[PDB]
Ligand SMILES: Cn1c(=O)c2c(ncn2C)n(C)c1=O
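Given next, in structure tokens, is a single chain: the form solved without the named molecule.
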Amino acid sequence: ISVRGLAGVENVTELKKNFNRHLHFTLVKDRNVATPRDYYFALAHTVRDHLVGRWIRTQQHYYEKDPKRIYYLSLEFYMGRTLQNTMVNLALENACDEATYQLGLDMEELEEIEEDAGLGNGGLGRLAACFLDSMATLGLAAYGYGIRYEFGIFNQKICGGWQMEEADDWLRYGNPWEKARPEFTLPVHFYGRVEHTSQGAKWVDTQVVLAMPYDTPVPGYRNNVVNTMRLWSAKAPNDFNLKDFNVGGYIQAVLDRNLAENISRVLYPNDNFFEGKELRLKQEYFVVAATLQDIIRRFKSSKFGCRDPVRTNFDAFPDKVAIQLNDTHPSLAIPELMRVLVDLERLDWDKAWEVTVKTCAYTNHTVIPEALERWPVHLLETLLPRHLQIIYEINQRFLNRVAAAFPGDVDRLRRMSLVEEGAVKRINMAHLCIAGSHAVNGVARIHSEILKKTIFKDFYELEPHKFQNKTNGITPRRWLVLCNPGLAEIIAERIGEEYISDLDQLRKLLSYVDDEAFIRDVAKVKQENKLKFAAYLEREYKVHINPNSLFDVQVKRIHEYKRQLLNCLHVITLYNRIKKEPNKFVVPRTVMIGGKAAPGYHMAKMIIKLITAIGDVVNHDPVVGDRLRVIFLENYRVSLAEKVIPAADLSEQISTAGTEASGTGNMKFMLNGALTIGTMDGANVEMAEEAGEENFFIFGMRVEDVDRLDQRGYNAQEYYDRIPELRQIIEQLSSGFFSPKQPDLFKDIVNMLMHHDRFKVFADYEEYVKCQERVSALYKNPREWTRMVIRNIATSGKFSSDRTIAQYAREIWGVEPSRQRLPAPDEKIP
């Protein structure tokens, strides 16, 4: 059937009876009233059963051996569905497929019932998910720590071409994967005030919110290792949240509990954008405070909570603990670790600081200013008074370091301060992270250089040793084996299976680049993938596409820097040329654009309306026929990505050079047989560098060109004046060609494009359509297109998160990865 494992005689039988056990005992249903949803749960529970054994021995193991622990703090974990992934990592896929088949059910139909764990916005969140899978696969004693939002990223609905947001109640029917652990609930403080008494400061009169943990298993790939992702939930204490007496109402007091519990209710839907709301800040301290207590408790037991030097010496803390900050969201971990060490454990400042810096590491994910976290001092002042004091003190000592290093450089001092003066005083969380971490890293080579040359230049000069780079990656498991079994199979037919946990081995595929059978196969799976997607489209969304055309897709969050607008310009261009010479041949294309817009991002929502507007016109022009279709992919999410990417021919990664830190969708497309048209931005550089620029469609300005243009000054009128095709499009928008009933509908877009385009869309237009013409040319030659594809796939190995994690492990965490199978799952009950 494929190498989804063995469909053993004993195990298929075993599976079936346990499926029935759960349907009866767990779901309390009988075959006569069971629905597909019930069947999905029975299976999920059956599958989950297989990894609890491993989960328990894994955790027990780490307790015995006591290795250094890696704590990945992130406010986002974009998990997606977990049934299939679990089957894949446990080699249960074929057996489950067989068993369910024998039970007269279609496993695939059941898999579609699982709701996505959308606890993330996009890149940053998905990265964390890929990392977890890699850390488990590499045998690291790692823990993912975050917030259990009961409402993840909103579900996107298109009404009249506009985006409509609606709550994502992903827990509505329950989550069979998580395990509530109310017995490990912890208290988290807010507000209050600071008392300075005799031997130390005291955080007093605080409001208490409780943090209840929920553990979700994270299985490594076929190595019997199952790590843990701990998500915190906010709960109100039953005392003060009722006991602070003297009138108010008993009922009201109870109803008001949903005020402390609002902390974990919903994820903020922003991308590369910072919103300074109090609820956000609360979420940030909540996950940090709870997590740290858990970390220290585990440390206090270790082998120190037995003997060792005997005396809670935190000197070994860094040798046993490593906490990675996914961006600045969990940045309060730094001053919080200090608070605990100094205020509670009573360590001297300097010893505490040494420990803190030595255990913390910070990862930066962007360089655009509006994304940078700068919290107003009055907010920190009210909500976390002691943390502010600690920050000021950290700042004080850091600046003194600077002054001593750069005597007299007074401007440098203000530039480097963690405190920003002006309208309102703010705290620069990024500066905080740099100062309190022993390593700072970018997510792509160019992005990392930009940090050193630009944004954090002063810090780099101060401590050059801190700055590193760790190019992002993706998990071959979910992003290949899971979503594209067809491709994985044919690759395995030639080079084996070892590449799934050693993606570098894909290079061996280079020697089949001239293989006639392989070329035919690679081309076949892609055709099968396109057919399946084209079907799904009519199935769940309804209104036909042509599977023979070129599948041109751009899927990612909607943003000005991502330039979906540039994609738009090209689409309109294709349309106008066809209308000009109707009876001239052109390579057919289905351009698919999908992505979510943050609710408050007006422009982004305007662009979504533009895309659908273009489709309204283009898709109903008889002269166009089936040569050009514009489709907006609704509710783009992980599960949807697993469907489009394998069916994509052309991948669009066209952000303005210097704006996309790295990107990861680009890597997803490369490993799945799509060709890339993009700019020298983020990881695109490393990808083209790995496959060879001849096998990549690069175009547009490089970072240097962008800066040159800025010196000069960007004037869009120029481009408008010299390119008639561009002018024609702009006047079509301006006159209502795409919005008849509301002719001025797109005035904001045009206005922006002509007068305040921060991402110089026009500057890259000419080179973009020219480049687009080259891909159309190559598509006309199936054999050569496919051969170029094989060159990309065979050369994507470097982009697996296993590689990324191995680097973090060795160069930052100080731990050694291991592909050693944990001692089976085998029963055991001590």
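Residue indices: 1-based, along the sequence shown.
Just going by the entry, 795 to 803 versus 26 to 34 on mean CA temperature factor gives the higher value to 26 to 34. Between 192 to 200 and 410 to 418, it is 192 to 200 that carries the larger average Cα temperature factor according to the deposited entry. Of the candidates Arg346, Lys668, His431, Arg222, the PDB record gives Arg346 the highest C-alpha temperature factor. Looking only at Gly80, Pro217, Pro182, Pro743, the residue with the top Cα B factor in the deposited structure is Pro743. Sort the chain's modelled residues by C-alpha temperature factor and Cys130 lands in the lowest third, per the entry. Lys580 sits in the highest third of its chain by CA B factor, as recorded in the PDB entry. Ranked by Cα temperature factor within the chain, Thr382 sits in the middle third according to the deposited record. In the PDB entry, a CA B factor belonging to the middle third of its chain's modelled residues is recorded for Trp785.
Sort the chain's modelled residues by C-alpha temperature factor and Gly736 lands in the highest third, per the entry.
Here the subject shifts to the form deposited with the named molecule bound, a form of this protein not shown in this document.
The single contact residue among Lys760, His559, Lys526, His387, judged by any heavy atom lying within 4.5 Å of the named molecule in the entry with it bound, is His559. This chain appears without its partner; in the entry with it bound, the one residue of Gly625, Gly600, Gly496, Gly736 with a heavy atom within 4.5 Å of the named molecule is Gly600. For the chain shown alone, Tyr512 is not a contact residue for the named molecule in the entry with it bound, no non-hydrogen atom being within 4.5 angstroms. Taking the partner from the other structure, the named molecule in the entry with it bound has no heavy atom within 4.5 Å of any heavy atom of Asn469. When contacts are judged by a 4.5 Å heavy atom cut-off, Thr573 does not count as touching the named molecule in the entry with it bound. Although the partner is absent here, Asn272 lies within 4.5 Å of the named molecule in the entry with it bound, judged by heavy atoms. Picking from 710 to 718, 263 to 271, 352 to 360, 514 to 522 the stretch near the named molecule in the entry with it bound, with a 4.5 Å limit on heavy atoms, gives 263 to 271.
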